[PDB]
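Novice: Submitted below is the structure of interest, expressed as structure tokens.
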Ligand SMILES: C[C@@H](O)CN1CCN(CC(=O)O)CCN(CC(=O)O)CCN(CC(=O)O)CC1
Ligand SMILES: C[C@@H](O)CN1CCN(CC(=O)O)CCN(CC(=O)O)CCN(CC(=O)O)CC1
Ligand SMILES: [Cl-]
Ligand SMILES: [Cl-]
Ligand SMILES: [Cl-]
Ligand SMILES: [Gd]
Ligand code: NA
């Protein structure tokens, strides 16, 4: 599923992501735009052999199981495929664990280089 901007803000806000660990709702919609282009089915191979999955591109090195990343962890206890669903529940619960772990939203390289220090509230402007 490719989400519209307002539609993704209303789903993230219903799943409790708004000001989660102090990060406003515009930071999460901003990240999703530059990680996946709002597309739940997005995948990218990394050079160490791990893969990023879904609307927030969550890494198979630590967070989920794809059966092809040797001696990796599955700390969200999910298959990688669960993070490709039109239902973003799996992805949101998985991102709450990651952003709680010491480094905050710096875990997302596109957040760090394209959303940190900008007008992030612009990403939810106009939505009800
Ligand atoms: C709502 C309109 O913006 C729709 N829109 C009209 C055309 N726009 C004109 C403009 O954006 O003022 C120029 C192209 N646009 C550039 C950009 O968005 O920054 C990329 C495509 N957009 C993506 C989007 O906006 O979600 C969809 C089409
Ligand atoms: C031509 C305009 O599209 C200029 N536009 C500024 C105003 N936009 C326009 C809008 O989408 O209504 C609203 C804010 N916008 C939200 C979003 O688009 O997703 C993020 C910033 N954008 C990034 C981008 O386009 O990729 C900068 C370019
Ligand atoms: Cl915001
Ligand atoms: Cl594996
Ligand atoms: Cl923080
Ligand atoms: Gd824009
Ligand atoms: Na894994």
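Our numbering is plain: 1 for the first residue shown, then up by one each step along the chain.
Determined by X-ray crystallography, 2.3 Å, according to the entry header.
Backbone N, Cα and C atoms are what each Cβ position is placed from, and that goes for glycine too.
Okay, these came from Swiss-Prot:
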- 35: active site (ACT_SITE)
- 52: active site (ACT_SITE)
- 101: substrate binding site (BINDING)
- 6-127: disulfide bond (DISULFID)
- 30-115: disulfide bond (DISULFID)
- 64-80: disulfide bond (DISULFID)
- 76-94: disulfide bond (DISULFID)
Novice: How would DSSP class residue 64 (disulfide bond) in three states?
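Specialist: Residue 64 (disulfide bond) sits in coil per DSSP, no helix or strand.
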Novice: Going by Cα-Cα distance, which of the recorded positions (35, 52, 101) sits nearest to residue 80 (disulfide bond)?
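Specialist: Result for residue 80 (disulfide bond): the nearest of the recorded positions is 52.
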Novice: Provide the number of Cβ atoms within 10 Å of the Cβ of residue 64 (disulfide bond), excluding the reference atom itself.
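Specialist: Around the Cβ of residue 64 (disulfide bond), 26 other Cβ atoms lie within 10 Å.
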Novice: With every protein chain in view, how many other Cβ atoms are within 10 Å of the Cβ of the residue listed as 'substrate binding site'?
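Specialist: So the number of other Cβ atoms within 10 Å of the residue listed as 'substrate binding site' is 10.
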Novice: What recorded positions among 6, 30, 35, 76, 94 are found with a C-alpha within 10 angstroms of that of residue 64 (disulfide bond)?
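Specialist: Near residue 64 (disulfide bond) by Cα: 76, 94.
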Novice: Specify the count of other C-beta atoms within 10 Å of the C-beta of residue 30 (disulfide bond).
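Specialist: A 10 Å sphere around the Cβ of residue 30 (disulfide bond) contains 26 other Cβ atoms.
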Novice: Using DSSP and three states only, what is residue 30 (disulfide bond)?
Specialist: helix
Novice: Taking Cα atoms as reference points, rank the recorded positions 35, 52, 101 by distance from residue 115 (disulfide bond) and give the first.
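Specialist: It is 35, whose Cα lies nearest.
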Novice: At a 10 Å cut-off from the C-beta of residue 80 (disulfide bond), count the other C-beta atoms across all protein chains.
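Specialist: Total other Cβ atoms inside 10 Å, all chains included: 24.
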Novice: Roughly how many angstrom lie between the C-alpha atoms of residue 52 (active site) and residue 35 (active site)?
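Specialist: So the Cα of residue 35 (active site) lies 9 Å away from that of residue 52 (active site).
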Novice: Which one is it: of the recorded positions 76, 94, 101, 127, whose Cα lies the shortest distance from the Cα of residue 30 (disulfide bond)?
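Specialist: Sorting the recorded positions by distance from residue 30 (disulfide bond), the top entry is 127.
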Novice: Write out the long-range same-chain contacts of residue 35 (active site), meaning residues 6 or more apart in sequence whose Cβ is under 8 Å from its Cβ.
Specialist: 42, 52, 55, 56, 57, 108, 110, 111
